[PDB]
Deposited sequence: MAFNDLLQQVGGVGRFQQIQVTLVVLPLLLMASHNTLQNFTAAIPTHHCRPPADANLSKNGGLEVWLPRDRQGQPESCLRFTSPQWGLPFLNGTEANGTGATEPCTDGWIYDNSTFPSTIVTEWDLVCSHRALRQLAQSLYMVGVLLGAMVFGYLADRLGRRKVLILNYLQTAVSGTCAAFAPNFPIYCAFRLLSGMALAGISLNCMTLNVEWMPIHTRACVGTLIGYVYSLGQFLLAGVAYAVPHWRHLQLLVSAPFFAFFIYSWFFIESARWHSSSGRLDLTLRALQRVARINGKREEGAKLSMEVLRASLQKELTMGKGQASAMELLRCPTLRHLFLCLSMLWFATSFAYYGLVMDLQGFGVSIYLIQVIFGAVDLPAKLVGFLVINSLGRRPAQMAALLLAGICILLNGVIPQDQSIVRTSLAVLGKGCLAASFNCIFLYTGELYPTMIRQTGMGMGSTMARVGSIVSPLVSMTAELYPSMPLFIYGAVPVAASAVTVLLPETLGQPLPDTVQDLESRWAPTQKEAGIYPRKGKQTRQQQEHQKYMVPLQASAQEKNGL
């Protein structure tokens, strides 16, 4: 068995600690990139440009309509507010009113890239390697991200944000994958938990960076800046030894394991390992099968709906009556208690009842936001914060539940394609937000009605607690 031989060089050790820390380090910036459209594309208060401006029923000047003489649409441009948002992509290329969907199109195009990033670079890691793909993904995001910060017009920004989406998907996919191939079976849950916790710490980093750097060009450049430094040390990564065995390169596998032995200091055991011993140790459809088919759609709907309403709330921080810098801190802050409640309930009640309670409660909070009047800022903000926490507690549960609900043969493929359909939800969520022109609370109603119907799916699943 490979697990027993991985413990020969000491199991978890100095090499394992050093590389896992460096591989998980860019995961802090993963949350910032996924949410960066909130700060780089924030919509400030604006009004038409006189060469004058009607006021709405609320009292503020009516946007994109001006009097012909002291009604006609804006022709000379728009005047924005520099008090809170000095420069965003909305102010730069006039993505207001008529071109309101263009701002959402940036996230949809970016989320198209992250979907194709898992599909393409997932296939590349099987043929090329896990270390080789990581090197080509730390560079790509740094080049694509920086080139996006200097985009001359809008189409160039969308094309260079899509490329950053493809590379970031490869980073996330090859972070957990490369980490588990170099770590023993015993320390497999610690890595899985650490990936999610490091992922949830990125919201705090985004708020701190965006507060000091409000400009969209400087914030985007600074966010993609470390990925050049990550590429500098990404060369010093040891390729997964198990993958080398699967590729018929046992000579490379022996060298990789020997190199680990000297790093951990147990070089005596590494010298014992040899090709004869290495070979002796390592001697060992989803919808096509109705049995797994009726298990796939139920899991797929949970992955889609949980992600569909997640990015329908994280992307819409503005409008709760609180500064977005404070809300981003609070949204990140509610993540840790939400897992604690979920993890305790999961082990005390069951994966299925907890998931249904987490999804149903999350759907109610989102749905009640549209009904509640916008005047009550504190209550409306609190319900959204509670809804965000319950959605996060659903992600942790569905990640655990999916693994236990799949046979060992198809578990790895099911989890990968199960997360793939989750990336599909993050694509449609910005698209649904584009219907806010038809009705103002319609996007919030839809984001709160899909998880409610998704909670009925979990009932059809079989409970796996204590089984």
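- Comparing the deposited sequence with the modelled residues, the stretches lacking C-alpha coordinates are 1, 53-65, 85-101, 316-327, 511-563.
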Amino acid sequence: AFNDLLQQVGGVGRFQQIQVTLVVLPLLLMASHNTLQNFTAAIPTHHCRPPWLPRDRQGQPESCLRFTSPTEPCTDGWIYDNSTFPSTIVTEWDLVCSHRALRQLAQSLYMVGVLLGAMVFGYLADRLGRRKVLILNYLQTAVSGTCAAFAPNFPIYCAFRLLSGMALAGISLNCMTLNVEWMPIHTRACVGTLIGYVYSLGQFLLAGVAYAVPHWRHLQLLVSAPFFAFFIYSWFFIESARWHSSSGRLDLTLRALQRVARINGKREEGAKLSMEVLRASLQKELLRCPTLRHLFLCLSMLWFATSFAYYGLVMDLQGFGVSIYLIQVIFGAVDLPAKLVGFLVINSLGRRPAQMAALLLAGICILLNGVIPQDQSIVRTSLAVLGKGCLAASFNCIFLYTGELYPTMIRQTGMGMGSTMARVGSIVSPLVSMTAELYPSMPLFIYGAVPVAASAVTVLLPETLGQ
From here on, numbers count along this sequence of modelled residues.
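Take the two forms, superpose them, and find the largest set of C-alpha atoms that agree within 1.5 Å; that set is the rigid core.
- In a rigid core superposition of the other structures in 8 other deposited structures of this protein, 286-294 and 88-96 differ in how far their CA atoms stray, and the farther one is 286-294.
- Comparing 308-316 with 182-190 by root mean square Cα distance to the shown form in 8 other deposited structures of this protein, with the rigid core used for the fit, gives 182-190 as the more displaced stretch.
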